[PDB]
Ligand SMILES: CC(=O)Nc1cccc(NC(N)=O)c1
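Just the one chain here, laid out as C-alpha cells, in the form solved without the named molecule.
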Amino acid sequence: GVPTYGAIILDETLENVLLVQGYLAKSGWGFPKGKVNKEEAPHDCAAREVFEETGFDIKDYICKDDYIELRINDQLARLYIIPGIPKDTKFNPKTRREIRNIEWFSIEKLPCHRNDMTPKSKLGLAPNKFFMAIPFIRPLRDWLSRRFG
C-alpha cells in the first residue's frame, strides 16, 4: 500500500483537533491526509494534502520528529502534529468535490475505540462516523501528555 501523510492540527488550548469530512467511501470524519506522490518527501506530501483539503498551509509549522505513525492493514499513515493553530482560522478546501466539511472537535469527547454490539449478542463493531480518526486518538493523547503534561 502507498504511504499516506497528513496532519493532526490542534488549537491553542490543545483541547481541539481539526477533522475533515469527505464523501462516499470517505464519508466520515478523519484527519486530513492523502497518498504520497512518486519521489515526494513525507513533509511535502503532508503539507500538500493538508493544503488541498483545508486551505491551511502547514509547511512553516511542521516539526520533523513530531508525528504519529500507524500501520493499518499494511498501509503506513503518518500525521504530523501541528499545535497552536487559532480556532478562528478560516479553512477552505481547494476541492469541495472531495471535502464536505471541516470542523474542530474536542479531543476528550472523541472516541478512542468503536463500540461493540454486545447489547445485541452480535460480533463486530457499531458504525462510527469517526472511524478513520479513532486509531490516532489514544496515541495523540499519550503524545500530548509526554510532550506537554
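Note that residue numbering begins at 1 and tracks the sequence as displayed.
Although it is not shown, the form solved in complex with the named molecule is what the next lines describe.
When the named molecule is superposed onto this form from its pose in the deposited bound form, none of its atoms lies within 2.4 Å of a backbone or C-beta atom, and the site is open. Although the partner is absent here, residue 135 sits close enough that one of its heavy atoms falls within 4.5 Å of the named molecule in the deposited bound form. If you take 33 to 54 and check each residue for a heavy atom within 4.5 Å of the named molecule in the deposited bound form, you get just 33.
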